[PDB]
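Comments concern the structure below.
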Amino acid sequence: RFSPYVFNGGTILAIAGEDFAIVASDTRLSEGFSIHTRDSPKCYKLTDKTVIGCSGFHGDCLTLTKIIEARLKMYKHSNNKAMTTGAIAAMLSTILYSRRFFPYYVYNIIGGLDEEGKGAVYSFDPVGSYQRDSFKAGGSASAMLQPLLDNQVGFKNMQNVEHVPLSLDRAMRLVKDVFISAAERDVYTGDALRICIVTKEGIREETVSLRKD
Amino acid sequence: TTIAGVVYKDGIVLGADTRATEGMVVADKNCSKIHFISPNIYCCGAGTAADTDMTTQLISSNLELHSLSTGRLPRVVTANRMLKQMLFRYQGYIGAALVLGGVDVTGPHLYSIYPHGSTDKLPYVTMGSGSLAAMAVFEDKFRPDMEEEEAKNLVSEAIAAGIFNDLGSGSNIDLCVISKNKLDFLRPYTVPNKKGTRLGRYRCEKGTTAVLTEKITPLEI
Amino acid sequence: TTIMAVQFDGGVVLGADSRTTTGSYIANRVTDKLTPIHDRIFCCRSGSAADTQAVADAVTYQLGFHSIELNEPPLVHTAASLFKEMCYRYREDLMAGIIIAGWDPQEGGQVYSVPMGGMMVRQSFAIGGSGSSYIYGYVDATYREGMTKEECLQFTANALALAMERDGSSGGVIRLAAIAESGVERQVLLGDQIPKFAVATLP
Amino acid sequence: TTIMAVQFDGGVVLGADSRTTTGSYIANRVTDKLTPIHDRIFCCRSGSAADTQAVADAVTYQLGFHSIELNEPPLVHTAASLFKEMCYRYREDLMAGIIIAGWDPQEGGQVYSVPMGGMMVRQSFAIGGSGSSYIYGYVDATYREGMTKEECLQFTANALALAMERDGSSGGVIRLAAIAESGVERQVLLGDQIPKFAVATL
Amino acid sequence: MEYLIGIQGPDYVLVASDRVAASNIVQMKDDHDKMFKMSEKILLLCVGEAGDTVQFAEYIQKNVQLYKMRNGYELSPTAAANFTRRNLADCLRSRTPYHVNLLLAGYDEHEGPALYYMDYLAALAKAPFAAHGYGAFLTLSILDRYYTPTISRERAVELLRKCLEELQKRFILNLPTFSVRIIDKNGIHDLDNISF
Amino acid sequence: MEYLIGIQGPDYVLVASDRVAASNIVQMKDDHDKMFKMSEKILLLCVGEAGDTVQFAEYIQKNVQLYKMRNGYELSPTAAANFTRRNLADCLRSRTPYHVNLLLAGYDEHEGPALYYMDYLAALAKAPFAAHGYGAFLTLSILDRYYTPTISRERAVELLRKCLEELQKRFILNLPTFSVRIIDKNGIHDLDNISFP
Amino acid sequence: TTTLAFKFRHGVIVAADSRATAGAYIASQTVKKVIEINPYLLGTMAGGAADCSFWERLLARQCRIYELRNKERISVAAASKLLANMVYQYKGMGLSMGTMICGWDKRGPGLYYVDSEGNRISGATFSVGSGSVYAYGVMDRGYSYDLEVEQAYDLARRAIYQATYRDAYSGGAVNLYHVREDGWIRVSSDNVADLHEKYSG
Amino acid sequence: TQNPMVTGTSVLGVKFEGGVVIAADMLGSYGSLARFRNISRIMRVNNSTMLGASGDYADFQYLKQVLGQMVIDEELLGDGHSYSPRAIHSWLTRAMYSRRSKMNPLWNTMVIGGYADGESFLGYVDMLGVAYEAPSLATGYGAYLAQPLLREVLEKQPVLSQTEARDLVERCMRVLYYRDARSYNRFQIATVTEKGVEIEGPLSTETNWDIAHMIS
Amino acid sequence: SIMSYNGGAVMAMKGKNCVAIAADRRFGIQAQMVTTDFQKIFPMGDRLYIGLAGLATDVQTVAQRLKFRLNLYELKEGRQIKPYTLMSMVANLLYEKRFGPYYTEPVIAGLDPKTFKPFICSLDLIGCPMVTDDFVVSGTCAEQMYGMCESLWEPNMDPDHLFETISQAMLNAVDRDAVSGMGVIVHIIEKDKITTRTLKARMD
């Protein structure tokens, strides 16, 4: 009769560095074989030091983001402090699990600076399980995006390679290049890439353009 | 897949996108969906790709044998009757949606053939996932007896609407212009979208990959 | 799809709409549902487009061989009987409903309706397809015996117009053909020509 | 079941067939599908008999209390609005399509059709039920603005008669009611009285 | 799958249970005890769906132990069986139904030895001997052929061994060791496990 | 449910099979032999659906025997495995498909010992050691841990006994007796059955 | 997922693989499948990652409240029963959780297996997960109560490695924890790739 | 509404400098049948915003009743505050998602167009609760047919005049009439500008059937 | 899916005058690895090779059936098959079973017999032939391979560079697929010589 879920597409990537956290997403919202809009960013700025990326059913994403924003205000009033990136991750795991019987269809990657100031990337399954990872990719193109990050940021399967700490310039170049490659082979990924960089000074958003085909 | 065709004053213009998709992944970025049925007749193919290639190739071979026997240029109706009759017996199991356009002694003719074997002869036809998007361009801007250049522009716009507004269609626009005196197969007629430059070059160096065993067998030339 | 045939003295008038739809999308807005099986015999096609076109082509070939062999103009009943035989034999396989109307020297204008299931009936007026249900009352009340060729042409157009307005599947242009000893005259009615009935006006 | 209501200047004409059928068995061959919600407001009922009877009984109780409290004749729109709320609220639990036709002093004779699903629309003429599909073309072609009550009675009778012949579910006697400021007059047409259209031959 | 057997002699009730707890294809434990000591003279043997057996049996054990604390006297074996049957029957039509097949063995000073058989459908039957599990089909006949109302406790152990020996030779499942206990006027007495 | 294992060493193939035949909850036979001798130096061990196992193996056995009679020389183990794979795969899409898991063991004088694993779907893989049935899941890990390509025939029996001992300890099903045979230059040799009781 | 635990003379050894897989995609190779409920108690996670994580974290919260309320640490038997009771309430609702609660308490070294089905059992040796069958055989063949600590550590590493080689859903690194009377100690985290070179060499 | 009954077809929205225009056909269809042909599928929520819905008409009538009541209540307060087009859009997304979560969806797809604070707003709300804002929007078959035409013109000229937007809507409405089976010739165009919301009806589209003679 | 039952990954890349084909070596019934030495790449014409991924039975059957046809073609024609012709022959074999298909997706890497021009091609289960100027990937880890190849591939790569690029893409992509892996074998096809190398891969 009626199906409660739809796949709106989209891919989200988060990369963590010693002084920076990069959360990036495509701007294409799609239903079936059609594009609803080419300007929907899937990256949302939860706090000064944190950004969340959401991909999956759009209705769940909008509901989850509004609930997370509301919960952040409630915590700030009670604890008189902003929620930390790790605390946001633990709260999100509980909220996602609360709907275990009727799951929120969203893949969430939380990227932000930690209390020490190092970049933290936390990746969540739809039901709620989360793990801290140096780099993670989510959404329709997660399968295409991740192996390149493992090879380049990870230096996996590479011998006689100097391991050099990731730099913002290299990380930006990698985020843009993996997304152009995904646009070539993913129908739901394309139009534009929004890159939000979390640094001690603040969060800065940059937009690059992917294929409109 | 967006495949479309129009009949201009002196002939037929047939257009198609070059994107073949397996699941949601793009399998091919340069697929020729316009096939040769005969020197004067060409068919645009949408639906299961293997079914479309085989259906056009069998009909093209049958027309070639028929043309050698007749000693005359093939007529488009013969291709439509052969294509419709073959598709009907398969009962829609062979999923080939085909736009067949050609110019014969009788004149310029365009037909749309469906997998169940239904055929419609029309001035302009669109087939595939982006067919509705292409039809909207054709309804909005189609005039009978259009000139060849105007026809090429309109069919390209219809194919482009499918590429941009349909996830299934994409990559490039290929146009075949068929007229009594001239046939032009233009591939790619236009390249609407291209991949961005690679900002950082991985350039994996020699010795990066560890090899457990190596065997070199010389081949004499 | 609305298809209608009305018999007049010495002739038959055949009418149909022009819409072919896959779901709620119109693939063809100008489809011809009247097919010439022979010189003075035509069929209106309803149901699957592929099934109707295939059956019509087979009957045209069979009736053509039959006429050449007998060296005589074909009979409308013979054309209807060939359609009934194919339709009944493959009734499960084919979703096709056809109305066969034509002129024979022996029986003049005859309209035969072969509904799905391959049954053949000769009727003074025959209507078929999705829109037929909406016009059943209009056809019964309006039809008057002794209608002239012009009166039958008006009757068929007015009925098809009503069905096309109330039916999603029926639509586009009204195609009309009149068959008599002289020959077949075909007309297309579109836009202003299509009969217009006032809509209710209570905002 | 075929139910038809037409609005003439100064009032409304209501009509219905008399057949209630369980499967191919006609459980009641003389049923009254036209029922009085109030003195000048009536409802034509189509769909499940139990659902139509239950909603009609509840709305008559609801409308009557409202009229007594307001000390005013009830508006035809209010009867339709009360019917619309019941059908929309229980659209999953009910299979009832109804027509509300009545006369009120403020807006005159009015016909409101509440189709299944709880939509409410005001129509100059309304036809409902399985028999309605057969007469849709006739009602559109025959209807003329400015029809008198007598013309409206004939129009409703002719349309119901055509639907009854075509529909197996529809049939039986034709029940016609005319509502105006003067009052409600109900007539039943049976046998030869029912309008006859010649059958085709040869 | 899991095997339970009981033999009621003139002055005693002898009960044996397979000691294997198993996952889908692998035996997780070979020392499992499926016998729950409800009271000094009452043993409940429970087999059935995972989880349901431990939860239901423990609930009955706690209630029987509560009766002793509250009244200072133990429930009769007949009363304990009836309390179990009522609880299982109430759960049968409840949203939570326990799939438990049980044997209750007990000694009452007034009524002597008693053995009760209850299926998942909570039908209670007093029996001279009864068994549960797929192996019960193979062993019920051996008990039927050699059981005598006046059988001695030593002979009953021999008869039980014959049924266990039959399971090893014909049963498809591996049930290497069995837990043997005897209930008497003196009380429940553990007996050496029969092992193969 | 039925168990087959093959261990291959430098000059020999050691094969063992469960000896139990069972219907429903009862083991009807404890002496069943699942090993069919295709030729003097080839054994095919078959586990699978009832009837299908005997029909497929007997047909392959008789065809292999016909090759010796018609040509005067027996097939190589590799040729026999390829002949079984072709026949099973041909029957897979046919109206009657055989649900048979087969292990083929043989010694060829020219190419030495061979062990072949074939699934019901008909995939043939040459393996140093292989097992079939639910028992394989517990047994294969022991073989991977203790198998060396140069293992002696005496050590191979020690490995086989360890694998079967685990089955007694962890397998839910009772498989008391296992038939053991070896193939070498001399030919197929029966070895004493390993019975845990 | 392969997780194994055995009780020996010097304590309880808990071992685990590090692979989390969505379908055939290997989403994670660094997952920690052993949760530290308290300085003396550990919990093993197998089955759905979220189900085990939420329920074991809930048990950890209950265990801390027990310690604060009663001023004494929870027993391994009590913690195992508490997890069994909570999962049982949701029985038949699709939770998939296989867990081993391993700890040292007043009674001594303790190992219990708790399942979403509701099984709660205590044994010297237990293995849970897709690769449990492979781990069980290697562990069973080389396991002895008198094994020395170094010999015990090797058995746990070998059993996880052989299980990873055979099982697609098992892989990553072998996380080793040893429960001792003083408390649990993390022992070693070894990639199966590094282990493969050592064992094969 | 597990099963829809009388339903409406595509609703088209285009944003122009100084306002938004939404167009809808005036027909509600029970399956194939064109049961009610004079119904209005466009509603004026307040002077700032207007709403158009495609899907069950009964659900739309309930939502119009709830939305109309809310606007009447705020007007009574006289605070000087008003519901902005975005606020009405956010309320609709919350309402649609809540009904979807209860597995009782309102079977409607709605376009919200409003002009407030000198900025034009066009929004889309689905039965599932999927919601977004775009320069041009179309529902049902409009997304497949009209949206490609609207998007192409918008890319060539990002900012459109009111006359250009009115022409684009009429051309797209003609395409739907030609290729949508459930479409109807009579249609209404609603415009929201600084002055307010104006609904124009019943407009009709001239259609060309010349291709009928062309086929041979 | 039926394809995921036995698993498998095959890919081919094109170099300046060389082609390379690589495949995972794991044979598994489902979650269990039966063998790590399975062959998915089969020599067809000395400088022409076909890699087949899918059901292991189908991979073996199509290779055996294709060789039967190719061996007959070479004997009757008197010439080694051209790489394009092999694609046409395999497509005909797959289409013959269109209604009940062999569950294998073939990738062909070869050098033209006379010109020595690089050729790479991929086909679907029902015989659709796709020819590419860069790389063709088939298997359970196809999306992962496409991502690695699109970023790593560069035009006119020398044979040593082609080997490094195909290896890095295959190793990292099989790392992200549970049912593919247990070693990778890479063949570099050059007119002068064939270099076959087995890479060091994680076994898990």
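As written, the chains take the letters A, B, C, D, E, F, G, H and I, and residue 1 is the first residue of each chain.
By our rule, a residue touches a chain if its C-beta (ideal position, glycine included) is under 8 Å from a C-beta of that chain, and two chains touch if they have at least 3 such contacts.
Going by UniProt, the chains are A = Proteasome subunit beta type-1; B = Proteasome subunit beta type-7; C, D = Proteasome subunit beta type-6; E, F = Proteasome subunit beta type-2; G = Proteasome subunit beta type-5; H = Proteasome subunit beta type-4; I = Proteasome subunit beta type-3.
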Intersection of contact partners for chain B and chain G: A, I
Core chain by centroid distance, with centroids computed from Cα atoms only: A
Pair of chains ranked first by number of touching C-beta pairs: B-I
Centre-to-centre distance between chain H and chain D (centres being mean Cα positions), rounded to whole Å: 33
Computed distance of Cα centres, chain I from chain C, in Å: 58
Interchain centroid distance [CA atoms averaged], chain B/chain I, Å: 28
Set of chain B residues in contact with two or more other chains: 25, 122, 132, 164-165, 198, 202, 204-205, 208-210
Multi-chain contact sites of chain H, meaning residues that touch two or more partners: 2, 33, 141, 144, 147, 178-179, 211, 215
Shared interface positions of chain E, touching two or more other chains: 25-26
Pairwise chain contacts, counting only pairs that touch as defined: A-B, A-G, A-H, A-I, B-C, B-H, B-I, C-D, C-H, D-H, E-F, E-G, F-G, F-I, G-I
Chain G partner contacts - residues on chain I that touch it in the complex: 4, 7, 28, 30-33, 140, 175-179, 202-204
Complex contacts: residues of chain A adjacent to chain B: 30, 32-35, 140, 151-152, 157-161, 170, 172-174, 176-177, 180, 183-188, 210-213
Chain G to chain A touching residues, read off their complex: 20, 22, 25, 27-28, 30-31, 48-51, 53-54, 93
Touch list for chain F against partner chain G, complex: 137-142, 144-146, 162-163, 166, 169-170
Sites on chain C touched by chain D in the complex: 122-125, 133-138, 140-141, 143, 145, 158-159, 162-163, 165-166, 197-198, 200-202
